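We've got the same protein chain twice here, in two forms, each standing alone as structure tokens: structure 1 and structure 2.
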Structure 1
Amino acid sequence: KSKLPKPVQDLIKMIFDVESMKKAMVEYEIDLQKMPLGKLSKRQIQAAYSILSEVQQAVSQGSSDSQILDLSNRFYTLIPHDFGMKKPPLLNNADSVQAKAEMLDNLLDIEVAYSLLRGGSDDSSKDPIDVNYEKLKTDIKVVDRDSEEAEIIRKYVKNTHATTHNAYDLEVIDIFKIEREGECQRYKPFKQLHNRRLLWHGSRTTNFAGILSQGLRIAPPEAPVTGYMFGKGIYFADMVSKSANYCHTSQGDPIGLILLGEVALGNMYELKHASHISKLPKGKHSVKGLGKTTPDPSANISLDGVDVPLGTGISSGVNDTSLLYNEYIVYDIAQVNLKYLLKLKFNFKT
């Protein structure tokens, strides 16, 4: 049996759960008989993205529902759905392409998780928790409850939960200090860049085996750039509740996972509305989606020379913006250095 700390053991079990991976596929209405977890491949996912891009071209160029029908069916051919003998819903709008682009992104992390678990060696004498921990190539340590870093992290959670996200409260169960193999060396050209912030990135439990082994990744080139508000980058938030909404927890599964990453923002390209960009303008290193609300800038604290925006939510002064809260997007995977992973219990008020 494993010598790993009990919170680390429970984390590994959580993220390598096969039935959670299956429950996530069922949520997307995928036919598991026509295509199980083991049939999932990058090749198929990329072909599905490419057809979604063709659907996107047909919708933006204003094709008829009779004309797009052919392209909508082509997607359902690559990613089988569970509708029985009924006709699938027509993908004739941007919301539909956005929803399908989002599902595919998630399937890309699920495929990594299942590949990791089904790859490798079988040894009965070794605890499967120890076996599955090594697959991640990440040093995972438990942060001491009474430490300074734990106090700062708990204040960030406590102070940046938005009023509009009050249908639930957050309880920090565990704090993990994480170190992905090779990530620190990848980050080096951006290590002393200006505008380095410790930001949130929430995701489903089924994404975290992929996130810890491959890191936060940008949607592939086949993916429709219009399926994402600020194009194809890595999205972060300064409001814990904005990111915790990406955990997709419920009364039937109230345990979520959220990251704290050091993001080299550099010169921010400030936007109030959707801009489906492929490349940043010269001199810019990130995109900042300007929210109506911002954590109080005079309340910013420093944790290992990185700015921590743990202030309470105040008005930014920004008018006529499409965002309630800020968002930060980087278009180079090297600009992210994962620092912490938090296990949270969501206490629903509904």
Structure 2
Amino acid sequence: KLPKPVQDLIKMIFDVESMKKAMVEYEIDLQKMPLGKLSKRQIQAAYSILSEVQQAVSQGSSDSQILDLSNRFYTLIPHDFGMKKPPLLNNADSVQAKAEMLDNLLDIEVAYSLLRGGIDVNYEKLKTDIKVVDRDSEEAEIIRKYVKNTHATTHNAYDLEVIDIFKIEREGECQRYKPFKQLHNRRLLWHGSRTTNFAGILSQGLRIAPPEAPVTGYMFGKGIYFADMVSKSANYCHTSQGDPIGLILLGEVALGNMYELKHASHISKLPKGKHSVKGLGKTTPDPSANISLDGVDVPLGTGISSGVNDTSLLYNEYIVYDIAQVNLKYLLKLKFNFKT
């Protein structure tokens, strides 16, 4: 007895088929490790074979001091590689590659455990008010301008079809955000992820990567990363020609004074007076077209060449370092219409 597109959403984020599909594309042995035998008791433990492992990658531990450490990782998380010896986590892009797997397995466990514990019944245990914003409304027009308007010419392999668009109120997130409601420079920015992660995201909110996690992949370290150009967030949906429908969040992120870095720092504590970091993009929406909804700075002009050059990022990245600085306002269901 729920609205149609929300009933479809709840199925899409709790679909066990979509999880098992992700575990053989990650090359996990589903005979040696089903969804059931996954526990959080093995999660930080999997990071334990990464925190005390990457700590042996930058000197190169030598299989006197690696083989054993790489060995105990396959005691908790087995992997099947056809008829070839198991990849050794001694090189650069392996201990990191396996870190993106857990980031998923983490919320892959959250999804199943919420689905197994206790479709209205599963919605109940997202502790979140999901309403349908209707196509024709202004509500639904400003969201669409933004999606149409802040598409990138680098990120144009696919066109961006907007299916149906929701309005999200997570339990507690209001109270939690109250402090930062009063902080200047609040922007409704984009945050895309794997559909499987949205079990976790809606139940727990956006979390900062745990401390055990591998160093890099985090350009500015362990924060909650946003962007103004939809395509760039759209990208972390990792939606494929196989399943072309993705989910992307709009959020209110209270940024106050942004620490404006044109270059990667593993920021491990902001420099007192700064409440966010802003990676400075080359491209940016005309800061003239930047609309205001409720004291929030909806940045939805189009790509202008802000000749800011001493930089690495083609488009801006917004990072906060406190989970309380975010207040998720919508969840977007959009189709990736690909072109090769």
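Residue positions are counted from 1 along structure 1's sequence. Between two forms, the rigid core is the largest collection of C-alphas that superpose within 1.5 Å.
Participant: Please find the residue from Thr164, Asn73, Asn245, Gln214 showing a Cα shift of 2 angstroms or more between the two structures, rigid core superposed.
Facilitator: Result of the superposition: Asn73 is the only one at 2 Å or more.
Participant: Does the C-alpha of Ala94 move 2 Å or more between the two structures once the rigid core is lined up?
Facilitator: True for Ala94: a C-alpha shift of 2 Å or more.
Participant: Once the core is superposed between the two structures, does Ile173 show a C-alpha displacement of at least 2 Å?
Facilitator: It does not reach a 2 Å shift.
Participant: For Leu193, state whether the C-alpha moves by 2 Å or more between the two structures after rigid core superposition.
Facilitator: No, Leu193 moves less than 2 Å.
Participant: State the core-superposed CA shift for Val18 between the two structures, in Å to one decimal.
Facilitator: Spelling it out: core superposed, C-alpha of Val18 shifted, distance 0.4 Å.
Participant: Rigid core superposed, I'd like the Cα shift of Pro297 between the two structures in Å.
Facilitator: With the rigid core fitted, the alpha carbon of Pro297 is displaced 1.0 Å between the two structures.
Participant: Core overlaid, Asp320 C-alpha shift between the two structures, how many Å?
Facilitator: Shift of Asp320 at C-alpha, rigid core superposed: 3.2 Å.
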